[PDB]
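Chain and residue survey
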Amino acid sequence: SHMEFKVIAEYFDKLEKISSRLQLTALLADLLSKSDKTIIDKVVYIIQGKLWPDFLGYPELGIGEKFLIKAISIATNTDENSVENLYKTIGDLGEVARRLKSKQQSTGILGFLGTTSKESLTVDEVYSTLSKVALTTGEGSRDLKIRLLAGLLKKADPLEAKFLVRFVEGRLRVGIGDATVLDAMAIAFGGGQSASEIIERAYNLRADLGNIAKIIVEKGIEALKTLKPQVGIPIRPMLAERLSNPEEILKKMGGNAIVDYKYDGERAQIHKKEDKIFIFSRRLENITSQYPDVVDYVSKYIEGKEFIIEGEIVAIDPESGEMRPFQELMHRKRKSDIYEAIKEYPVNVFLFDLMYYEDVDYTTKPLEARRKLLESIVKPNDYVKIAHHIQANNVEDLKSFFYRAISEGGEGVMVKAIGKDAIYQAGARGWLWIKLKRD
Amino acid sequence: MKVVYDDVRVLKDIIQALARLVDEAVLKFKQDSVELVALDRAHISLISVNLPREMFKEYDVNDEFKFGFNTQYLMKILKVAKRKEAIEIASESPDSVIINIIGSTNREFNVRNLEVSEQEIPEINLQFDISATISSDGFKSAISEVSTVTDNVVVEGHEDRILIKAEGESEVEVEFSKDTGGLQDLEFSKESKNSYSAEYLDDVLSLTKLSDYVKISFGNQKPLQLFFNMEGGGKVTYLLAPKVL
Amino acid sequence: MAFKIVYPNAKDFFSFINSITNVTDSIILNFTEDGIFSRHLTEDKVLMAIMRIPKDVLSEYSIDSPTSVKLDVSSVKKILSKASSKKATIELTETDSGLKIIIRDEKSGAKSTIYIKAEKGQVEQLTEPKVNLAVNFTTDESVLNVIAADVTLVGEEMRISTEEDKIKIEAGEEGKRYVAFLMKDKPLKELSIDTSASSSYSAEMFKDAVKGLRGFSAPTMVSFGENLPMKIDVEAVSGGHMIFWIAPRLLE
Amino acid sequence: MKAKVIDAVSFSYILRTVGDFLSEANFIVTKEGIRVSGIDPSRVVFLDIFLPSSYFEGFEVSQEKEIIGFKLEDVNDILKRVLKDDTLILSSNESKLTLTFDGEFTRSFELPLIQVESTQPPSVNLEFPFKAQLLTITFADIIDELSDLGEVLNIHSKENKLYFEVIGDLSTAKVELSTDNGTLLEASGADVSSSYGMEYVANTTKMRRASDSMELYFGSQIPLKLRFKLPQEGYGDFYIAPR
DNA sequence: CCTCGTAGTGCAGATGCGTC
DNA sequence: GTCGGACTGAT
DNA sequence: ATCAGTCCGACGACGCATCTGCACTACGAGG
Ligand SMILES: *P(=O)(O)OC[C@H]1O[C@@H](n2cnc3c(N)ncnc32)[C@H](O)[C@@H]1O
Ligand SMILES: [Mn+2]
Ligand SMILES: [Mn+2]
Ligand SMILES: [Mn+2]
Ligand SMILES: [Mn+2]
């Protein structure tokens, strides 16, 4: 409430000047340590480059590349041709709009009848105005969007009104990601360098960041070891690793390893609280509406209670069971007309992991009990199946299965890890899961 | 808090001329009349509307009532009527508002009261150098003709004629000379030449069909003001800043 | 003087310029002893249009020597689309700049003047195709619009037959087929038939020709022959003529 | 088969409104009538149309088991080309259907016969605990204005008072129908409540042409019934489902 | 029957988005 | 995803 | 004097979506 947006711009001024990850991280803690409460969530949301996490089903901002030129022309009282010609030379629009607030000003109508007043803007009203511009549906929207955006531009300072343009763009070429933010927050609020792993786990638990920050600043550094996945906010996936086919992976393992199929197409994540079907994508996005046909297949055939399961969605040949490229599946997930082309595009799902069913955590248990318990909850049919769990013994056996996998389509084959060390990590790459593919 | 007005065709042009300039507005009911003042977001416009206590069918409000709304939603609830149907607005608690459409199969709507932030604005004392009182139907045609190709109009005057023309690739000209259907009043003062953006003039093209006489006034290094007059002494104003020059 | 012509009804001149703009974005004009006369042909040689205004309807005419005015109607198309008061007075004049169109109206009492940059030249002699046609009829305007609209749902070939004093129109393919009739005095006003022949005209060209006939409240004149082009003639509201030429496809 | 209707506007309208939930239908020929019955892909709305042996005059019957299907788009596109109150004739060939107008001149459109077979009629066997009847113009006007306010249409009834209510997060709407004012007569039954969709019932308002009166039966956790009274004891029905 | 004008309604013509 | 493309380290 | 882990902004060609503005076209008030 009593804050201003000048501080964030000033602290971002000295960010494209250092090239050491051990230096900018130290400086990043100052703003968080000095900022006030009840707006800390907004401050955290600002840095990454989003107004809010993208699993709440909120619409995307509509301001684009060529509309900013018009907005700047309106704000700075310059002809469209002039600003267009100036921008055509220098690519960075921020520098294009940089000088235009020092060599020219505006008058308007407020003052001809008599009025002289100006106050520094606040972060709260900036966030509120951005949120209002976000929705702006109506019928005559464009004039209600550009003019609404131009207010802050006409109520800005020369240094401040350079990163706002990039904010509208959606990318910040400054040198700050998310892991660096976590590490800086751990040092600042926590006070101990070694106390960053608990924060990392807590972030791995919940896909959001503002809620984690607010519960960290409300209860304290503690109350993090006992957070469990509710049916809702998801958990970030893990990634694989690629290499050649030497006597390397087997020497890493030693014996037989769990071998699965490398399906092609969109992945998925399911959260069914016995009443509703929630489906997520390879990133955070509510694809439930775009995928309404299979909300019943994952409901009635999976007999049980609330769970969190992971699988993959791949298009099939309409005539009979036959894999198809993800490019073909891309055709249907765009149009509102559903029951005219949906019935011609089969959607078959597979299952490869389970996360949280019996009201207790399972992400630390070894990767055999989870598979054994998941093997129970399944109904044999032609729409829900399970992965091709097979075991080989040597390199002279992988090729026999690899050739069949190639003949059956898909990108190839994938290996896994068996034993106590095979735990389901969140994020990162690791070396537990390894993939091999062709060109 | 009881207000009754007969026709809604009058309260459609005002609303569609207010939906194109702002996102929120406030209606102020007093012991004398109803006022409405609402700036624009970019501070390049001003539209004022006043309705007296003579068109209302013998109704009165005992105190103030700050009723807020959203332009799109209110304009969407004024498209129900087709013929000359009636309307009445009333409410008791300072939280909710009840709107009713009558005559045909009755309909009622419950509307929540939003909160709108507004700033202080002084009165209007803008004098100019011209008092043209040209017709109302010709202005719409002139604008829809000239402003279809250009992004800036030019308005120059003289002791005998009013010249409206665009420049650049095409030079079209329309005049309102004293010959047959032009001016009906003019002060000499001086000759002025100014410019205005072609987009801000389209937002007030549906406000025309309320009378048959406009009052175009402007001057050198001065804004643009136009005036309309209805029965009961209604007042509508529109102040527009000039171009960068 | 050198160039001074006047036309009573601007809602006919604008119709003429729209009709000639339906085939090109540039207009070539010549002012000589025959008044107003234009000419244009599509590059594919499938549609030809000739416009002639007789030198008696015009209220005023004063020239000095043959001259041409080569125009390019690109931005004036929308500007000229604001003619009202039905028969608003319009006159044409020349300038060293190239052209100046003046419009006078009485509903509101204003003026409309434009500046157009064009060069001068010399006129060209009258050129009209020579052909003889026997089968002919005169109908209204909307009938042609209906015939053009109903044919896009079957195919792109249009054939006309008038066997045994009965006019038949068939098109499409084997699966989807169209049948129509044109009897004596049932939909028609006047008729005169000598023999029978086929047309085999194109469909898009027919649609484009029909789209440029709105605004001429007069019984249109239509004729054709055997493996020969098609001619359509309409009369102006105040005075004038406009004859098209629909090319055939021979044995295609 | 050979039929003829002196009005080609109402029939075009009824086919247009039928062909908005379906994608493929099938005509049926019997000893005394022609019927159209089908179900929606969404498995929510069920509709059936019956036409007696007087709506279309000059009815000749060639065979007693004629079953002809049609693509939904082509028939609608062809019938869209109706000039004015003309006369239409339909004759059933072996594997095609020809539509010919009778106006200023003649017309002829030919469509191939497609193969389709699907008949899953859910039995009704219902006795609704409410009954009302009102004019078609009133219903059309009163539904064509509440469409753009939400999606959850809540139907509420009381003692001889049927109320339409649509409620959103920001504001709510309400309509009132009474026997004394504007709801004719025949209001009897019990007191119940339910809720239904919006788009499904909005799409059926295109019946302001071939209609004079309509009925309305509904209950609680029970499908709602809409019945339209065509001239000469003709009727068409629309069944919707609760939420 | 002859005039608006008012409103739908269909259709090209641009700009922004998410995916590797 | 992806190939860089830096950065940062431990004998 | 060198090989192994961590992290991070660009890659532009695209189907498809959503508003904007312009021709047609049926229909209801007033002479
Ligand atoms: P490709 O590299 O295009 O896609 C990578 C994603 O595919 C999922 N994936 C591959 N192979 C498997 C198996 N056998 N089981 C489960 N998931 C698989 C990975 O999750 C990658 O995210
Ligand atoms: Mn997103
Ligand atoms: Mn955008
Ligand atoms: Mn973007
Ligand atoms: Mn892949």
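Residues numbered from 1 in each chain as written, not as in the entry; some residues may be left out. Chains lettered and ligands numbered in written order. Heavy atoms only, no water.

For this deposition, the record names cryo-EM as the technique by which the model was determined and cites 4.16 Å as its resolution.

Some words on helix α4 (residues 65–76) of chain A
Think of an α-helix as turning once every 3.6 residues; residues three or four places apart then point the same way. Residues and elements named next belong to chain A. Basically, it comes down to this: Only DSSP runs of H or I with at least four residues qualify as helices, and only runs of E with at least two residues qualify as strands; both kinds are numbered from the N terminus onward. By definition here, a helix of n residues has an expected span of 1.5 Å times n minus one. Think of it in three bands: with a 1.4 Å probe and only protein chains considered, a residue is buried below 20% of the maximum accessible area for its type, exposed above 50%, and partly exposed in between. Every residue pair with non-hydrogen atoms within 4.5 Å of one another is taken to be in contact.
Taking 1.5 Å per residue, 12 residues should reach 16 Å; α4 reaches 17 Å between its end C-alpha atoms and fits that length. Three or more residues of α4 are buried, namely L68, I69, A71, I72, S73, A75 and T76. Contact partners of the buried residues in α4: α5 (80–89), α6 (93–98), α8 (141–154) and α9 (163–169). Phi turns positive, to about 55°, at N77, one or two residues after α4.

What to know about a nonpolar patch on the surface
Quick note on the threshold: In this analysis, a patch consists of residues with relative accessible area above 30% that form no salt bridge, clustered at 9 Å for like charges and at 5 Å for the nonpolar side chains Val, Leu, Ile, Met, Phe, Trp and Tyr. Note on areas: Shrake-Rupley, 1.4 Å probe, and residue coverage restricted to the protein chains presented here. Any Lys or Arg side-chain nitrogen found within 4 Å of a carboxyl oxygen on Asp or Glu counts as a salt bridge.
A cluster of nonpolar side chains, contributed by D:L135, D:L184 and D:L185, occupies part of the molecular surface with about 280 Å² of accessible area. Relative to the helices and strands, D:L185 resides in the loop between β13 (171–177) and β14 (188–189).

Things to note about the side chain of A:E160
All names here are of chain A. Worth spelling out the cut-off: For the purpose of counting charges, residues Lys and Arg are taken to be positive, whereas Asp and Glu are taken to be negative. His and the chain ends are not included.
Its location among the elements puts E160 in the loop between α8 and α9. The side chain of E160 is buried and forms no salt bridge, while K6, the nearest opposite charge, is found at 6.3 Å. Among residues more than four places away in sequence, those in contact with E160 are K6, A9 and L121.

Observations regarding the packing of aromatic side chains
Threshold: Here the aromatic set is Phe, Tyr and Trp, taking the six-membered ring for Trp, and pairing holds for ring centres within 6.5 Å; pairs whose planes are under 30 degrees apart are stacked, those over 60 apart are edge-to-face, and all others are tilted.
As enumerated under the stated definition, the model contains 21 aromatic pairs over all chains in all. Here the aromatic rings of A:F12 and A:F163 are separated by 6.0 Å at their centres, their planes lie at 45°, and the arrangement is tilted. Residue A:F12 is located in helix α1 (residues 6–13), and its partner A:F163 is located in helix α9; the two are separated by 151 residues in the primary sequence. A residue is classified by how much of its surface remains accessible, and A:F12, at 12% relative accessible area, is buried. On the basis of an interplanar angle of 45° and a centroid distance of 6.1 Å, the ring pair of D:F46 and D:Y239 is categorised as tilted. You can see D:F46 sitting in strand β4 (residues 46–51) and its partner D:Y239 sitting in strand β18 (residues 234–239), a full 193 residues away along the chain. Both residues of the pair, D:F46 and D:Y239, count as buried.

Some words on the pairing of strand β10 (residues 157–161) of chain C
Residue and element names in this part refer to chain C. Rule in force here: Two strands pair under a simple rule: DSSP has to find at least two bridges between them.
Sheet topology places β10 next to strand β14 (residues 201–202); two bridges connect them, and they run antiparallel. Bridging from a neighbouring strand, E157 pairs with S202 of β14. Two elements, β10 and strand β11 (residues 167–172), share four bridges in a ladder whose sense is antiparallel. When the sheet's bridge partners are listed, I160 is paired in β11 with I169. Hairpin connection from β10 to β11: five residues lie between these consecutive antiparallel strands, with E164 at a positive phi of about 55°.

What to know about empty space enclosed by the protein
Any space left empty among the atoms is revealed by the rolling of a water-sized probe across them. Using the following cut-off: Grid spacing is 1 Å over the protein atoms alone, the probe is 1.4 Å, and a cavity is where that probe fits but cannot get out, while a pocket is an open set with protein on both sides within 12 Å along at least five of seven lines and lining residues have an atom within 4 Å of a point. Grid points are joined across faces, edges and corners, and a volume is the space filled by probe spheres set on the points. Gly counts as polar in this scheme, as do all residues outside two lists: the nonpolar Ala, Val, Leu, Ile, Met, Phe, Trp, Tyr, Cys and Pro, and the charged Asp, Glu, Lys and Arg.
Quantified by volume, the largest cavity comes out at close to 460 Å³. For the largest cavity, the lining is made up of 24 residues, of which B:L11, B:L27, B:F29, B:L51 and B:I89 are closest to its centre. Every element with two or more residues in the lining of the largest cavity is listed here: β1 (2–5), α1 (10–16), β2 (24–29), β3 (33–39), β4 (46–52), β5 (66–70) and β6 (87–90) of chain B. Partitioning the lining of the largest cavity into residue classes produces 21 nonpolar, one polar and two charged. Empty space within the second largest cavity amounts to approximately 340 Å³. Along its surface, the second largest cavity is lined by 26 residues, and C:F13, C:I17, C:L71, C:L80 and C:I101 are the ones closest to its centre. Those elements that place two or more of their residues in the lining of the second largest cavity are α1 (10–21), β2 (26–32), β3 (35–41), β5 (67–72), β6 (89–93) and β7 (98–104) of chain C. For the lining of the second largest cavity, the element with the highest residue contribution is α1(C), accounting for six residues. Its residues placed into classes, the lining of the second largest cavity shows 24 nonpolar, one polar and one charged.

Digging into the sheet that holds strand β10 (residues 162–165) of chain B
Our working rule: Orientation is described by axes fitted as lines to C-alpha atoms, over the contacting stretch for helices, and by angles from 0 to 180 degrees between their N-to-C directions.
Strand order in the open sheet formed by eight strands is β12(B)-β9(B)-β10(B)-β11(B)-β8(C)-β7(C)-β6(C)-β1(C), with antiparallel pairing between adjacent strands. With one partner strand each, in any of the chains shown, β12 (193–197) of chain B together with β1 (4–7) of chain C form the two edges of the open sheet. Shown here is a sheet whose adjacent strand axes are inclined to one another by a mean of 20°, direction ignored. As paired strands, β10(B) and strand β11 (residues 172–175) of chain B are joined by three bridges and run antiparallel to one another. Each bridged residue has a counterpart across the sheet, and for B:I164 the counterpart in β11(B) is B:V174.

Some remarks on the protein's contact with DNA strand G
In plain terms, the rule: Proximity is defined per residue: if any heavy atom of the residue lies within 4 Å of a molecule or strand, that residue is considered near it. N or O atoms closer than or at 3.5 Å make up a polar contact, with two conditions inside protein: a donor-capable atom paired with an acceptor-capable one, and, for residues adjacent in sequence, both atoms drawn from side chains.
Neighbouring DNA strand G are 14 residues, the closest being A:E139, A:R173, A:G175, A:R334 and B:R83. Atoms of DNA strand G within 4 Å of the protein belong to the sugar or the phosphate in 83% of instances, the rest to bases. Here a phosphate oxygen of DNA strand G sits 3.3 Å away from a polar atom, N or O, in the side chain of A:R171. For the surface near DNA strand G, the residue count by class is one nonpolar, five polar and eight charged.

Comments concerning the pairing of β6(B)
All names here are of chain B. As judged from the four bridges shared by β1 and β6, these two strands associate in the antiparallel manner. Each residue of the ladder has a partner; that of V4, found in β6, is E88. With four bridges connecting them, β6 and strand β7 (residues 96–101) associate as antiparallel partners. When the sheet's bridge partners are listed, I87 is paired in β7 with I101. The turn linking β6 back onto β7 is made up of five residues.

Some remarks on the interface of chain A and chain B
Applicable threshold: A simple way to read buried area is as the amount of 1.4 Å-probe accessible surface that goes missing from two parts once joined, with both sides added.
Facing the 15 residues of chain A at the interface are 26 residues of chain B. Summing both partners gives a buried area of about 1,800 Å² for chain A against chain B, and 62% of it is carried by carbon and sulfur. It is A:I109, A:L113 and A:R147 that lose the most area in chain A upon contact with chain B, and together they represent 37% of the buried surface on that side. In this assembly, chain A and chain B are joined by two salt bridges. B:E24 serves as the salt-bridge partner of A:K132, at 3.6 Å between the closest nitrogen and oxygen. Here chain A is connected to chain B by one residue pair in polar contact. With five residues, α8(A) is the single largest residue contributor to the side of chain A that touches chain B. Along the lines of polarity and charge, the residues of the side of chain A that touches chain B split into six nonpolar, five polar and four charged.

Examining the pattern of salt bridges
Pairing between side chains of opposite charge can happen when their charged atoms approach one another. Inspection of every chain in the model, using the stated rule, returns 37 salt bridges over all chains. Between A:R173 and A:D92 there is a salt bridge, with the nearest N and O atoms lying 2.5 Å from each other. In this pair, A:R173 is assigned in the loop between α9 and α10 (179–190) and A:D92 in the loop between α5 and α6, connecting sequence segments 81 residues apart. Looking at A:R173, the relative accessible area reads 38%, which means it is partly exposed. For the salt bridge of C:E94 with C:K120, the shortest nitrogen-to-oxygen distance reads 3.8 Å.

Quick word on the protein's contact with DNA strand E
Neighbouring residues of DNA strand E: A:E60, A:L61, A:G62, A:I63, A:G64, A:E65, A:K66, A:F67, A:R283, B:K12 and B:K209. A:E60 has a polar side-chain atom sitting 3.2 Å from a phosphate oxygen of DNA strand E. At 3.0 Å from a phosphate oxygen of DNA strand E is found a main-chain nitrogen or oxygen belonging to A:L61. For the surface near DNA strand E, the leading source of residues is α4(A), giving three residues.

Overview of the interface of chain B and chain D
The interface of chain B with chain D comprises 13 residues on the first partner and 13 residues on the second. Together, the buried faces of chain B and chain D total about 1,100 Å²; carbon and sulfur atoms form 54% of this surface. With its nearest N and O atoms 3.6 Å apart, the salt bridge here joins D:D148 to B:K76. Inspection of the chain B/chain D interface yields three residue pairs in polar contact. For the side of chain B that touches chain D, the element with the most residues is strand β8 (residues 107–112) of chain B, which contributes six residues. Split into classes, the residues belonging to the side of chain B that touches chain D amount to five nonpolar, three polar and five charged. Bridge count for β8(B) against β13(D) is five bridges, and the pairing is antiparallel. Across the sheet, residue B:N110 finds its bridge partner in β13(D), namely D:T172.

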